[PDB]
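Trainee:
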Amino acid sequence: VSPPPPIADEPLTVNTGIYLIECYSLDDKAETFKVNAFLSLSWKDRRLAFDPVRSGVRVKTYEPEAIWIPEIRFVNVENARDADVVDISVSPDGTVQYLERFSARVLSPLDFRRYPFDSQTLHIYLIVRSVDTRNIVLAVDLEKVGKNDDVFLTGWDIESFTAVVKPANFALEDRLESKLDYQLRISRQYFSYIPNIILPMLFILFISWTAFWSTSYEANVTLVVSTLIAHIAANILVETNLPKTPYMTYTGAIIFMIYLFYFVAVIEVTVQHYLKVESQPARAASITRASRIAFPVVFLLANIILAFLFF
Amino acid sequence: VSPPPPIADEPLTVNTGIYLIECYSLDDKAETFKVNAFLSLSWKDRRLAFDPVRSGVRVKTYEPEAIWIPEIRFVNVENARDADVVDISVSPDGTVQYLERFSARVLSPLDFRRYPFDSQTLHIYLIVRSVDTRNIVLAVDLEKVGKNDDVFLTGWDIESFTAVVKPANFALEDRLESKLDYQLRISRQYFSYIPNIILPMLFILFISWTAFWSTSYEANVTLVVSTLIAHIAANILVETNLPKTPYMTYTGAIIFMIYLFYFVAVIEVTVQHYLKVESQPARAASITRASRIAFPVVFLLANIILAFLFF
Amino acid sequence: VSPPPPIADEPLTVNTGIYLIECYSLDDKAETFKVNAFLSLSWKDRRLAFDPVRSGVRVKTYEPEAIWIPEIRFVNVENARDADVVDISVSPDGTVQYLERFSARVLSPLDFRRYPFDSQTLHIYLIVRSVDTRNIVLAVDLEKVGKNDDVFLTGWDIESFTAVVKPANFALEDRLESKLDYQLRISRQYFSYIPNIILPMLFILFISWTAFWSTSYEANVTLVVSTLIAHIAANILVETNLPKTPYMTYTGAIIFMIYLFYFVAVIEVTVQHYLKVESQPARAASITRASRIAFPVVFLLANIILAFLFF
Amino acid sequence: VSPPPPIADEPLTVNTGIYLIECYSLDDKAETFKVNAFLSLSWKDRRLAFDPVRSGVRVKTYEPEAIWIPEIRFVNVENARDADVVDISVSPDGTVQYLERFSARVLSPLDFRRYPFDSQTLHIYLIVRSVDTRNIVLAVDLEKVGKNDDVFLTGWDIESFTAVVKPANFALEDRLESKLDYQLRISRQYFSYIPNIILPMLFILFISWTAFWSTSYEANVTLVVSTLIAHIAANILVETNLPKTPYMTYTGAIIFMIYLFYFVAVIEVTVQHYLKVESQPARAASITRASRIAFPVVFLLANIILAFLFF
Amino acid sequence: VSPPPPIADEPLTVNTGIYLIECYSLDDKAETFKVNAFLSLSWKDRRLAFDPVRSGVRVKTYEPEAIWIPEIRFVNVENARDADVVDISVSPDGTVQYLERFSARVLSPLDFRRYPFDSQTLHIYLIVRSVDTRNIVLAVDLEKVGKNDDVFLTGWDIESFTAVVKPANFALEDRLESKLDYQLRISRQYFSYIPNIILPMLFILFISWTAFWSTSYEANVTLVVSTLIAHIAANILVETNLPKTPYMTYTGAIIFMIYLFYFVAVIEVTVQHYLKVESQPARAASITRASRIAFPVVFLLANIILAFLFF
Ligand SMILES: CC(C)c1cccc(C(C)C)c1O
Ligand SMILES: CC(C)c1cccc(C(C)C)c1O
Ligand SMILES: [Cl-]
Ligand SMILES: [Cl-]
Ligand SMILES: [Cl-]
Ligand SMILES: [Cl-]
Ligand SMILES: [Cl-]
Ligand code: NA
Ligand code: NA
Ligand code: NA
Ligand code: NA
Ligand code: NA
Ligand code: NA
């Protein structure tokens, strides 16, 4: 129970492969996702080699404790994976074919810049630490890298699950470390966001703009202020389903922009009333009539500007 | 231990059976449900066979570690099942009768299209991976497939728990995989939804329609706007108890439709007031009188259209 | 390590007893409760018998692995109990006295029909599966069935903890199953509900009825509508602390009834205003004066009707 | 591996000691707190005695499985403690000095009568069950009872951690049980409650009292009703951070009292308006002028009465 | 399996090192953070010495149970760390090089005085208890102390991860304890707080100040009261994401100060109206005109005073 000895002075290549069985619980706020998959490992151990003609069997099955197995770990995991060894098969040349079924909560940062029209690249980093006898290098066996067709992630479209074939070999605490990158590309299902958040938020804003077709300050105050309270409720609802980003998000920009539109509408409503009391409604009517065109035009213009800056 | 050797070149049939003891925690947002059940397994191992006459005993009881047991796993589970082996009995012909009691959180997608008048088909997928010595095929023993009469799922009616007798045999990572489908059919108890969400949401909408029997713009603004705020509160309450679907739900359609009715009511209230100020209330009175009939008629019409499209 | 052999052809009686140490976490929505208790088990194993005179000792102490112990399980538990064996004592006749301390989350449905003036019967079902050698039957040893005096359940009064002495013996998967019923009777502490939810909800309803002593439609709309928003807030607060029941609850009935009172008050307020505008306030004043008596009388009458139907 | 034999007919005294390392997660609603501490145990086992001269060593170190250790449990815990044995030392006379580091979620009821100006006495109950060979009695070794200086409980001031030196010896299931009481005295940090809940709640109430300096019923309705909605929001916020008590709390009393003040203010506002419409404002002005003095005086008076009844 | 014997009378130096792999879940309310890191331990055990010539290997690999490993614990952890031993290597002199990968929830108090423009010093305390044979002293091996470049903490900037090289050696329960301090310095990413909470909270306050450009008491009441309700919503949203501190926070001060500004605005609105009714609007106009300048000036002044007191 030690690493296999090298024939010359070559590092031990451990061929890896992750096959996704179940994908679930993508927490946007925590930037984590739960995964249930197969982990396949393959290496050459010449000490386990046998003659197939004399043995009578073409493959030998071993228990994990009986043979040497590379200590393969995941970098971006909360806790160590819950694994159950499925099978260990040894071919006559000494090539081990290890398979285990694992479940782990993976930590992968998300880019909310384009939310809810955003795409993500979820990562799963495989790692091996080189032993004192010899160095261990990871490899990708594309034949054993894939996903089940049933694999569904609620509110997401699963594009592809590939692996960066070239490992990131580096020094860590005076020992070699071979790191592999498994990438799960996903795109957000933005459909629900339109009738649930986008359109209701636009309607309450358009309702506040009816104050531009009214001279009643008491009714105008009620219109602009109440709809602002509805927008504050909408802002709270959205910001709780998202983490605190050091960058501006597309939704964050719009929500903040809408706050300015309510503030400027309050100013207009205040100015309109002040001029009516000061016995000059001709100045107020012209401002109110201008606002009827200005508010939707500037809103459409600014939205085009924002959409261009983000997409 | 190792798999039992085949007499000819036949695959090993492992007869299965799931008997539900407890069903609980159906998370709609997570599309998961917790289950506590019996898992019965039966296979022929000729190496364990004995003569009942000289043994003196008709059945031999073994501990799990003593004999070979097929590695039976669940496909759609978050983590590996928590199992406690109940009994292992061996008949004289070598037929093993294994029984275990398990508990597992099962991942099964739900169809919210008809919510809260929806029915679901919960799945439990049993799976076995074929070994190098011989292939393992799963079978359904209908005698050991059932459920306890006490089995209750909060807010759901349990119809039936059956199994698709024919297994889905397929190739996975260069090995045969035998997959069985256990189906738990349930229907939602929609009763509570009527006095808690449906009727209160209709009442607040009918209260907004009283603005069609009033000329006071200040009172009308207060009526339509405040009731809209109540509907926004109701929308938030409903959408949090449901996951983000790429398709339209029945409740989602109604909620969204009601938003249009509030918006058009605001427009009516705005138009009515604008005409009263412009000294033409005959035009306003006729629009307001038409709305008294139009709003309930178009609402009833659209609801019939929606109910037909969904049911 | 097999069951004790029968002297004749009698089943093995395993005397049980549950002594509650701690009762906590009664989740109304989940219909679950956490329990920490002692589980006492007693059976006759003649193979363990000894002469007290020759042995010099009255009782022999064994480790769980050394002797045969019946596989006692709980039916209505989420996961298998966390148990620590306290003591195993054997008397000279071969009678084993087993004791363990366990902790388990128990699933017991609750009847919310009379909430918050409801009483519950929490269940703990003990079960044993008969082995092939002989049948195992459960029994109640009332001496070892009880509870600690400190045992407290937050917001509940603990009446009694008894056991149904006669077991439910039945056939399951071609084997005998002996099931015992341990009942924990509790009654809800309804005190808090009066100053926190009942009285504040009645006050906001009485505030809406002040519109019957006002002719100002603008003020009346504000009165009835705002108080309705407060009642919607109260409805949301209550319904979240309760699960979705297929039956009507006492609180559910009142909340729904109060919604009708707000709707009819809106109708009255609308009718009153319509008649004032139509230049016939004598008709409006008489309706408004009638409502001053009708609303509290019909409310008190309907509450008496509801209380009678539920209690 | 059995209890040490008595020299005469004396019970075995097991000297205990708890040294708090970390105190955290005091859940007020659940009435639980998490603790990380050292558990020291000391007893005399003459079978383990040795001559220091012949042995060459003054102290013998044993592994838990090698020697007999008393089964010490905690009464008021959710689940059995997570313990790691630190050290087991045996002096030449046979005195064992056991030490372990544990972590456990402790259930201790809290008295919310004086909340948020309340003090609590958290309990940790140590217990031992007497074996058949001899009786086990617990003792307090004050030298090994203490706490770390860094020990902090968020929003609480830690006064003292002492132990009731005299154990509660009692009979349970025909066996002796020795119970010890470890008391952790804490007092609530009420500072935050003043600018966050107390003062904002008083301000909204004083804002409602401005209706006593106004004749506008429409403005008065808006004043008293809106501020009541703010108080309902405050009531919901407070009651969620507290469990449902069968007794009245200090905060509960104030919140409920404030509801009466809003109701009486609505009555005043209603009466004032009714008299203005009935063409008798001299009666209304006198009532309104009286209320300007009555409301703050009766509020201050009732608060003094309440503070006296609770403190 | 006992500590290594000293050559003279020197304490055993155990060289430590923590290398952060993943940093996540910084709960502000709980004052906890989750960490996934490498724990390296190195000590001299002369009993494990070997001749590389005779053994055939330059470095001997052992399993944890085979050799003596110092009982290294963390002080400020909720529960004992979840560790997986990576490697144990022994050089021919007997120097052990232990490595494990751990995951633990660390308890570290935070200073919210400057929130959300605050910086924190997270602590990780390593500790060893001296055995009876010899004393164990901890040391820092700066070569094995570091962090991964990918290490990200959501909403935080990771400055440095260093260790206090000099251990805190002290007496505890009559035994020596060597304590090391690993410090993770972080600074809050305050960006999000500006468009999400700061600016929307300032806008609603400026909207309330429009009442200084209006004589309509009914509109003014609606303005100041509704915006106060929005500020109460904002206060609740902020205070839930923060724990109850016995000290004043920067955000806590501003929120509380804003409450005074709303109260004084209500007083102004009340005074203005009272004077208009008392037929003296010249006194009211002058107060209202003064408030137009006073409110923004005093607000800016007080904010400068607060920012100076906190920064
Ligand atoms: C406290 C709560 C559960 C409750 C009980 C009884 C009556 C009501 C209202 C509807 C008056 C109520 O909300
Ligand atoms: C974002 C939040 C924590 C906060 C920080 C700083 C200042 C304010 C006020 C001025 C809005 C504030 O609420
Ligand atoms: Cl891992
Ligand atoms: Cl499984
Ligand atoms: Cl169980
Ligand atoms: Cl314990
Ligand atoms: Cl630890
Ligand atoms: Na191995
Ligand atoms: Na086996
Ligand atoms: Na046993
Ligand atoms: Na022992
Ligand atoms: Na060791
Ligand atoms: Na109003």
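Residue numbers (the entry's author numbering), protein chains in the order written: chain C, 5 to 315; chain D, 5 to 315; chain E, 5 to 315; chain A, 5 to 315; chain B, 5 to 315.
Note that beta-carbon positions come from the ideal geometry of N, C-alpha and C, so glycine has one too.
1) Taking the Cβ atom as the reference point for each residue, do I76(E) and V132(E) lie within a distance shorter than 7 Å?
2) Any heavy atom of ligand 13 inside 6 Å of the beta-carbon of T244(C)?
3) Got a sec, what are the start and stop residues for the alpha helix (DSSP H) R77(A) sits in?
4) What residue does the beta strand (DSSP E) around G21(B) start on, and which one ends it?
5) Spatial neighbours of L16(C) within its chain, please: C-beta separation below 8 Å, excluding the five flanking residues on both sides.
6) Is it true that the stretch 49-68 of chain C meets the stretch 82-102 of chain C, where meeting means three or more beta-carbon pairs spaced less than 8 Å apart?
7) Check distances from the C-beta atoms of the stretch 243-256 of chain B to those of chain A and list, in chain order, the residues that come in under 7 Å.
8) I'd like the span of the alpha helix (DSSP H) that includes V149(A), first residue to last.
9) Please output, in chain order, the residues near ligand 6 using a CB cut-off of less than 7 Å to any non-hydrogen atom of the ligand.
10) Which residues does DSSP pair with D86(B) in a beta bridge?
11) Looking at C-alpha atoms only, which residue of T166(D), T158(D), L209(D) is the closest neighbour of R192(D)?
12) Expressed to the nearest angstrom, what Euclidean distance is found between the alpha-carbon atoms of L45(E) and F37(D)?
13) From the beta carbon of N83(E), is the nearest beta carbon of chain D less than 7 Å away?
14) Between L227(B) and chain C, is any beta-carbon pair separated by less than 7 Å?
15) Rounded to the nearest angstrom, how far is the Cβ of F314(D) from that of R117(D), given a contact under 8 Å?
16) Just curious, the beta strand (DSSP E) that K48(D) is in, first and last residue?
17) Could you tell me how far apart the beta carbons of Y28(B) and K151(B) are, in whole angstroms, since I believe they sit closer than 8 Å?
18) Compare the C-beta of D13(B) against all C-beta atoms of chain A and say whether one is closer than 7 Å.
19) Taking C-beta pairs closer than 9 Å, name the residues in chain E that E222(A) reaches, listed in chain order.
20) Ligand 12 and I71(E): does the residue's C-beta get closer than 6 Å to at least one heavy atom of that ligand?
21) Going along the chain, which unbroken runs of the beta strand (DSSP E) with 3 or more residues stay wholly within the stretch 109-191 of chain E?
22) Whose CA, out of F207(A), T255(A), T244(A), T219(A), lies closest to the CA of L232(A)?
23) Compare the beta carbon distance of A269(B) and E222(C) with 7 Å and say whether it is the shorter of the two.
24) Given this structure, state the Cα-to-Cα distance separating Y251(C) from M261(B), to the nearest angstrom.
25) Exposed or buried, what is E272(D) when buried is set at 16 or more other beta-carbons lying within 10 Å of its beta-carbon?
26) Is it true that the CB of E104(B) sits closer than 7 Å to the CB of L43(B)?
27) With distances taken Cα to Cα, identify the nearest neighbour of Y119(D) among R287(D), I258(D), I211(D).
28) Looking at the structure shown, is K280(D) part of a helix, part of a strand, or coil, going by DSSP?
29) Mind checking if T20(A) is an interface residue toward chain B, Cβ cutoff 7 Å exclusive?
30) Taking the C-alpha atoms as reference points, what is the distance between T166(E) and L188(E)?
31) Should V5(D) be counted as a contact of ligand 9 given a C-beta to heavy atom distance under 6 Å?
32) Excluding the five sequence neighbours on either side, which residues of its own chain have a C-beta within less than 8 Å of the C-beta of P56(D), listed in chain order?
33) Going by beta carbon distance, what residues of the same chain come within less than 8 Å of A175(B), once the five residues before and after it are set aside?
34) Taking the CB atoms as reference points, tell me whether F210(E) and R296(E) lie closer together than 7 Å.
Mentor: So, from the listed chains and residues:
1) Residue 76(E) sits at position 72 when you count from the first residue of the third sequence. Residue 132(E) sits at position 128 when you count from the first residue of the third sequence. Yes.
2) Taking the first sequence and counting its residues from 1, one reaches residue 244(C) at position 240. No.
3) The residue labelled residue 77(A) in the question sits at position 73 within the fourth sequence. Here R77(A) belongs to no alpha helix (DSSP H); instead the beta strand (DSSP E) covers 76-78.
4) Counted from its first residue, the fifth sequence places residue 21(B) at position 17. Annotation: the continuous beta strand (DSSP E) that includes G21(B) extends over 16-31.
5) By 1-based counting over the first sequence, the position of residue 16(C) is 12. Hits under 8 Å: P7, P8, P10, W47, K48, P74, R138, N139, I140, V141.
6) yes
7) So the close ones are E243, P247, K248, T249, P250, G256.
8) Taking the first residue of the fourth sequence as position 1, residue 149(A) is located at position 145. Careful: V149(A) lies outside any alpha helix (DSSP H) and carries neither H nor E.
9) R77(A), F78(A), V81(A), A84(A), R85(A), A108(A)
10) Within the fifth sequence, residue 86(B) is the residue found at index 82, counting from 1. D86(B) pairs with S107(B).
11) Position 188 of the second sequence holds residue 192(D). Among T166(D), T158(D), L209(D), the Cα nearest to that of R192(D) is on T158(D).
12) Position 41 of the third sequence holds residue 45(E). Position 33 of the second sequence holds residue 37(D). About 33 Å.
13) Along the third sequence, read from residue 1 onward, the residue named residue 83(E) stands at position 79. The Cβ of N83(E) sits closer than 7 Å to at least one Cβ of chain D.
14) In the fifth sequence, counting from the first residue as 1, residue 227(B) sits at position 223. For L227(B), the answer is yes, since a Cβ of chain C falls inside 7 Å of its Cβ.
15) In the second sequence, counting from the first residue as 1, residue 314(D) sits at position 310. In the second sequence, counting from the first residue as 1, residue 117(D) sits at position 113. Their Cβ separation, rounded to whole angstroms, is 7 Å, which keeps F314(D) and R117(D) in contact under 8 Å.
16) Position 44 of the second sequence, counted from the first residue, corresponds to residue 48(D). Segment 36-48, the beta strand (DSSP E) holding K48(D).
17) Position 24 of the fifth sequence holds residue 28(B). Position 147 of the fifth sequence holds residue 151(B). That belief does not hold up - the Cβ atoms of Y28(B) and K151(B) are roughly 13 Å apart, past 8 Å.
18) Here residue 13(B) is taken as the residue at index 9 of the fifth sequence, counted from 1. Not flagged as an interface residue toward chain A: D13(B), since no C-beta distance is shorter than 7 Å.
19) Counting from 1 along the fourth sequence, the entry for residue 222(A) is found at position 218. What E222(A) touches in chain E: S220, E222, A223, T226.
20) Along the third sequence, read from residue 1 onward, the residue named residue 71(E) stands at position 67. No, ligand 12 has no heavy atom inside 6 Å of this Cβ.
21) 123-133, 140-144, 160-176
22) Taking the first residue of the fourth sequence as 1, we reach residue 232(A) at position 228. Closest by alpha carbon: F207(A).
23) As a working note, residue 269(B) is residue 265 in the fifth sequence. As a working note, residue 222(C) is residue 218 in the first sequence. The answer is no: Cβ separation not under 7 Å.
24) Taking the first residue of the first sequence as 1, we reach residue 251(C) at position 247. Taking the first residue of the fifth sequence as 1, we reach residue 261(B) at position 257. Approximately 29 Å between the Cα atoms of the pair.
25) Walking along the second sequence from the start, residue 272(D) turns up at place 268. Buried.
26) Position 39 of the fifth sequence, counted from the first residue, corresponds to residue 43(B). Position 100 of the fifth sequence, counted from the first residue, corresponds to residue 104(B). For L43(B) and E104(B), yes; Cβs fall inside 7 Å.
27) Here the question's residue 119(D) lines up with position 115 in the second sequence. That would be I258(D), whose Cα lies nearest to the Cα of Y119(D).
28) Along the second sequence, read from residue 1 onward, the residue named residue 280(D) stands at position 276. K280(D): helix per DSSP, three-state reduction.
29) Locating residue 20(A) in the fourth sequence gives position 16, counting from the first residue. No, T20(A) lies away from the interface with chain B (no Cβ there is under 7 Å from its Cβ).
30) As a working note, residue 166(E) is residue 162 in the third sequence. As a working note, residue 188(E) is residue 184 in the third sequence. Using only the alpha carbons, I get a separation of about 7 Å.
31) On the second sequence, residue 5(D) is found 1 positions in, with the first residue counted as 1. Within the cutoff, so yes.
32) Looking up residue 56(D) in the second sequence gives position 52. Hits under 8 Å: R62, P96.
33) As a working note, residue 175(B) is residue 171 in the fifth sequence. Only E181 meet the Cβ criterion.
34) For this step, residue 210(E) is matched to residue 206 along the third sequence. For this step, residue 296(E) is matched to residue 292 along the third sequence. No, these two residues do not count as a Cβ contact at 7 Å.
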